[PDB]
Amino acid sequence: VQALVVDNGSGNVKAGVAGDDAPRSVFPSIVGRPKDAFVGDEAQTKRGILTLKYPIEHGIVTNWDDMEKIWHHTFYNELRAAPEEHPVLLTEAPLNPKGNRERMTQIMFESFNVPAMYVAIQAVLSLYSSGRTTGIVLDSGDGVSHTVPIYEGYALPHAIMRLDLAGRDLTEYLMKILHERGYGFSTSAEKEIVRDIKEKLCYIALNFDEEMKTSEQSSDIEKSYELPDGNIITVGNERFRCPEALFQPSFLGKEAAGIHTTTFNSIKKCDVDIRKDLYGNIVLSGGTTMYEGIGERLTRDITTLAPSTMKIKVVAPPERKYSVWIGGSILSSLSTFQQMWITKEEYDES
């Protein structure tokens, strides 16, 4: 029996079957209920008649009734799979409380009657998909960013950092700074358009101050985007100012440390004798790590902060948008997976 693999993202769900190289289903993590319930793309098409809610906030499930609607949609409308007839691998955020893990487990075994399940930490899956057992994963998604040191297969819980600055903050910041050129993107629909503009046109400067200088000197910075209505928008220094907020959260009025500082701080929480292996294996994961230029910029910034004896290597896998799901697909395919899961009978008799 083939396992189902479900990565529970704040922004999107990724779902499919063990042994595939990519998820077959990717859909927005949205439930709409009338102003019984609609999920994903269909909810966005009926936004005029529905109140829309995100059941996963910063990687943590916070509306369990609506999350159950998402899982039902996943099994019945996306995969067309009987959940009661497949093992299921489900992902969870770093630092997810054990009580939240228990609640998801209860729902799977007692609502969906899954026969067997395994819960996996997202960042660990990503490290495995990169072909490593030791490293530090920087997983930046839609709702949360984490830095997760992992040694010989296992996360080091005392060293994980959570950063409440991720892709949706960057979409909102681009919405904000586009007012400088007269655009007023504000509605939920317009936000999806600006998200697309961000993904298509943004990049990370190697040196922000120098990029500001060079971009002022000509119009070469300017690039164009075709809106749904056919009008063309032109974006300039917003292209690199938007993801600069990852490094300079003050741009968003946040006092948070930037992603370079956070990674450094996370490594420092680990004992001195394993830090070299973490610095030499900084693995990027998630959609918000997809910006052109990120690896070179992170490498400069982390090299500056770290001891000069350390050998900094930032790894940017091409399919990193999906690395959590892919790692789950690999793990759940192994000859040993059947020994890792919890069965329904075991759970019911605990």
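Heads up: residue numbers just count along the shown sequence, starting at 1.
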According to the entry, how many residues of the deposited sequence fall between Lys35 and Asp36 and are not modelled? Options: none, 1 to 3, 4 to 9, 10 or more. 10 or more
Mean C-alpha B-factor comparison - 319-327 and 56-64, higher one: 56-64
Between 236-244 and 144-152 (mean CA B-factor, as deposited), the higher: 236-244
From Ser266, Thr91, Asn231, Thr134, residue of greatest CA B-factor: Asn231
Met310, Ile302, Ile70, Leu284, ranked by C-alpha B-factor: the highest one: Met310
How does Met340 rank on Cα B-factor within its chain, lowest, middle or highest third? highest
What third of its chain, lowest, middle or highest, does the C-alpha temperature factor of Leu201 fall into? middle
If you rank every modelled residue in this chain by C-alpha B factor, which third holds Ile49: lowest, middle or highest? highest
Lowest, middle or highest third: where is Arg195 by C-alpha B factor in its chain? middle
Split the chain's modelled residues into thirds by Cα B-factor; is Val26 in the lowest, middle or highest one? middle
